[PDB]
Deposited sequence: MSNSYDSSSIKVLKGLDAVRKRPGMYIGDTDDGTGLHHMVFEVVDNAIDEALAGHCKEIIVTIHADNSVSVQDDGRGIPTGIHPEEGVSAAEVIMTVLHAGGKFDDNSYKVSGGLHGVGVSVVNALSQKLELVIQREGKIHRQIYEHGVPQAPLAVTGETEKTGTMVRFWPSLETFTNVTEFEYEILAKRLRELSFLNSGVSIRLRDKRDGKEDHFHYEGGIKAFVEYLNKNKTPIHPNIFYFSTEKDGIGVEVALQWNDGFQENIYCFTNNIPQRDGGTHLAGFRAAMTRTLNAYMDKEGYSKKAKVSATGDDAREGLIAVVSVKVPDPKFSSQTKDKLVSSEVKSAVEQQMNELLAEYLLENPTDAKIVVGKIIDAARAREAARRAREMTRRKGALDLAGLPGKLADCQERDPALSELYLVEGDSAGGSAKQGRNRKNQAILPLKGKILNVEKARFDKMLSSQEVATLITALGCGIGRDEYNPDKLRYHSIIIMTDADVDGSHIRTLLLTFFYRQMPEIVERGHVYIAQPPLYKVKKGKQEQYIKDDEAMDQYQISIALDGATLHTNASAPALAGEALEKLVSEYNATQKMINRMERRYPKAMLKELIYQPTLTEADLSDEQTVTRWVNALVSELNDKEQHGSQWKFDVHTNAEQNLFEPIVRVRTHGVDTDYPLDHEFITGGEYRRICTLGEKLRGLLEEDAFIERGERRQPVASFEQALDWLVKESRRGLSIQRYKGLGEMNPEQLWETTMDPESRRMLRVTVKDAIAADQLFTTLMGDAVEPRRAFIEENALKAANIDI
């Protein structure tokens, strides 16, 4: 009994950590959606059929249920009252709470049997501020979305203060969702594609309808949780739609009549779609759940769409004709948007056209429908040539690092590497007299170097060549940069490609917070995932700052300053307060010292500012040094970050605090121990595969990542300012070393500083 009150007080001390931002009124709606989510979780088991939510005039929200009838709960701790009535086992029982404190035996009898629990919770005005009432629009929108996703589930809503009403009951479900989305717009064909097939436990539901708006709007959900950034379901949906429509145009010969090849963003143009998925164990990129990264979901959506969209197109010739006409019109507009050009001879088996032996050329004779991939070597060349599209994509493998044309003379450009590059592009860049960029053979030149340091250097050298020798090609936007991944990381079924080490760090944090629950008290609910994620992000930011500050001060002292009370400027005036503060700091440092360091304090009385600043002596490795915490440090901004994190982490862990990762459990005494345990448990089944260039990637892996136009992630090189680009190229790549050294040292100091 006493344990319950401790949990209620733990929740009520930091209500923002559990329910969310209480200032702007998100917490109240989160409480309402918590109760309604409990009701809908009851309803998913084929028991409930009606959820009458209400908004009384007394600023109270009832969530009635007609279902089956049913620690410390977050919802009843914040609210100042409950009215719990459960009409179970033939007798009505009633319970009353007040700030989570029950006042009843929790057992009453009444007439009529019925089923379901109705819970009227009264939000406390103390915890929440600036938003007392409930916005009808937010609840109406979310409840209608839940009604669409959970088909065959009545969800009433009755605003009693106004007398409004709603009755969301759509047996169609996703088709009703698409109709609701398209009711304001003009759909271009009458029928709506739809399936709800389930396979391997991944229930998949999709719908489609095109309109005249030429706007893309694809919504995706996973267990009734929207994904702002899409995910694997979105990728599989796009891939299957593009494949099916391209195959349909190829079979029926629509494209040959128009003499234009449709691509992605033409099929998706003017599209409305909803993609609802139900994974039993979903995996997300973060605790916000804005992106699904579950590897098993792409294949299921791809297979089901590939079958059923083609099956729909076969049985609906008129709607297929209308959609294909729209896609042809979009492709014609895209073709008309292009610059004038001429056909070019391509290297082939019958005719080599006087092109290099290492060029694996494509079949498309038209530039603006062809690509050139400039790769780093012959092994990367083989890996790229094995996996590509022979129609569009050509490869020209280089040989390691190329000449620095900034340092090299014009006549020094007689190397086999640069001549081979000039022959394939056919700009005739040598001489600066025959240089005609209109005869460029590819209007997409892709610098697909390796994903490492020397790959970056070779990319810089190629950019120097293209900016200095072929400046108009860069201006017209023909130069692109691929972004192949450096790491592949696997945990059993899960797989992900990671580009940078910063992305690796973010992914490691994401696994560490995956399925992790942190309990500040033994009898208390776990923290919210987003709150713990924000705590860990701020903690890592401060740790990076402290590592940057490692030379000026010891890391142990700065880490201990997080948990100590703050020291304002007014504290510096008093001799006694600074002495007590620094004495407590040094005693805490001495107590937790695992090495030979010995901490001592002193106070230097400044006669100018009339202050008493503290000093922290330390004797590490036999070397004695003093670290005065001057007036600059107290208001230096670094100490402000330390103090903010300290204010967040003063009392988030009582004596009996612990963390869990599902089955596993661990008591903790500090946030460091919890973070270390979570990271250690995260890296158990982990396996990182670093790619030392594209020769280690399989052709299928290289195709899936950064050759497929569906899953490509490119960058157009552009020149914002000519003068700044010229100055930067001359400084970084010229002959003189002193400006280069100054630039490197300045950027090092900038990185060390803010």
The answer, as deposited-sequence ranges with no C-alpha, is 1 to 8, 79 to 118, 803 to 804
